[PDB]
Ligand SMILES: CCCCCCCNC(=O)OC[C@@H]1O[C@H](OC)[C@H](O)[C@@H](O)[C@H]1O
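The chain below stands alone, shown as structure tokens; this is the form solved without the ligand.
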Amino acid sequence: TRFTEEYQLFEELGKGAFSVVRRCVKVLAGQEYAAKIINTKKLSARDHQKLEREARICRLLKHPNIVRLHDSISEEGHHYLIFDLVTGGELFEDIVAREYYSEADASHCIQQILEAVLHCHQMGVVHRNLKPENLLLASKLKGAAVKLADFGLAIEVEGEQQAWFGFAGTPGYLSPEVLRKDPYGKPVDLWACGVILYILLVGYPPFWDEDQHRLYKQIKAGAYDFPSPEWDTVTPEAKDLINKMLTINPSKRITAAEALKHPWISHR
């Protein structure tokens, strides 16, 4: 088939799920890509379908701050999704490395994140699993680009129509509406931007507990705050944005487009 003809593998970049990621090159073009190789003799009928939901969505999304999918290929034994190569590692690791970001940096990172989210939403796509692990950095340089990945959890919404699309995502990043098993829509990803922006600033999330139940109780209640001495020095504006992102009521929450106009994003 068409993949083993046109591309040529090199080093493993990642493991996780049944999915091995490896650097590759189109032998005509000379152009490097990231290839997500999925073992398929290990995978059911509907989970060949769940994976083709994923391709179909990556294809709807052309953005500077979204990992572009360049071509999906079903060979007998394996599937290859062919992504933009992005070497900067996870934002997660970069936060850990640097402990926290400057407001200047956080502002420049979340800006790119929100722009992507905005685009995702206008295309009727809700990520549902935003977190610094699903955010890849272009290079490690102290400002470089940030792109979204793992639409493996991503849903299609018709308009601002809310609905129960089920209970999925990462515990820390879950919205109050999702935990309550209420209907939900685009805003569940601005909650995640809340968590992420908070992390981006001070090195730890606004909600945590080793006992999962206590965690889900913290989220529902919207029980975060700004501990001293770290938040003592952080602009009232920054806090404000986080407060409008971590609003419990989805309707009263800030939207991606709103968040991009907020003073801590556009100054001068």
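Note that the rigid core is defined as the largest set of C-alphas that superpose within 1.5 Å between two forms. We number the residues from 1 along the sequence you see.
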Entry B factor averaged over C-alpha atoms, 80 to 88 against 125 to 133: higher for 80 to 88
Decide which of the stretches 160 to 168 and 95 to 103 has the higher mean C-alpha B-factor, going by the entry. 95 to 103
Based on the PDB record, which member of 185, 176, 152, 143 exhibits the highest Cα temperature factor? 143
Identity of residue with top Cα B-factor, from 148, 109, 138, 196: 138
Assigned third (lowest, middle, highest) for the C-alpha B factor of residue 50: highest
Compare the C-alpha B factor of residue 254 with those of the other modelled residues in its chain, then answer lowest, middle or highest third. middle
Place residue 65 in the lowest, middle or highest third of its chain's C-alpha B-factors, as listed in the PDB entry. lowest
Of the three thirds of its chain by CA temperature factor, lowest, middle or highest, which one includes residue 239? middle
Within this chain, which third does the Cα B-factor at residue 260 fall in: lowest, middle or highest? lowest
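Not pictured, yet referred to below: the form solved in complex with the ligand.
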Looking at 214 to 222, 235 to 243, 201 to 209, 30 to 38, which one sits within 4.5 Å of the ligand in the deposited bound form if you count heavy atoms only? 30 to 38
Which of these residues, 182, 103, 156, 90, gets a heavy atom within 4.5 Å of the ligand in the deposited bound form? 90
If you check 25, 13, 248, 257 against the ligand in the deposited bound form, which one has a heavy atom within 4.5 Å? 13
Can you check whether residue 95 is within 4.5 Å of the ligand in the deposited bound form, heavy atom basis? no
Is it the case that residue 84, even though its partner is missing from this view, gets within 4.5 Å of the ligand in the deposited bound form, heavy atoms only? yes
So in the deposited bound form, does any heavy atom of residue 57 sit within 4.5 Å of the ligand? no
At the 4.5 Å heavy atom threshold, is residue 67 in contact with the ligand in the deposited bound form? yes
Once everything's superposed on the core, is residue 248 shifted 2 Å or more at the Cα between the shown form and the other one? no
Spell out whether the Cα of residue 17 moves at least 2 Å between the shown form and the other one when the two forms are superposed on their rigid core. yes
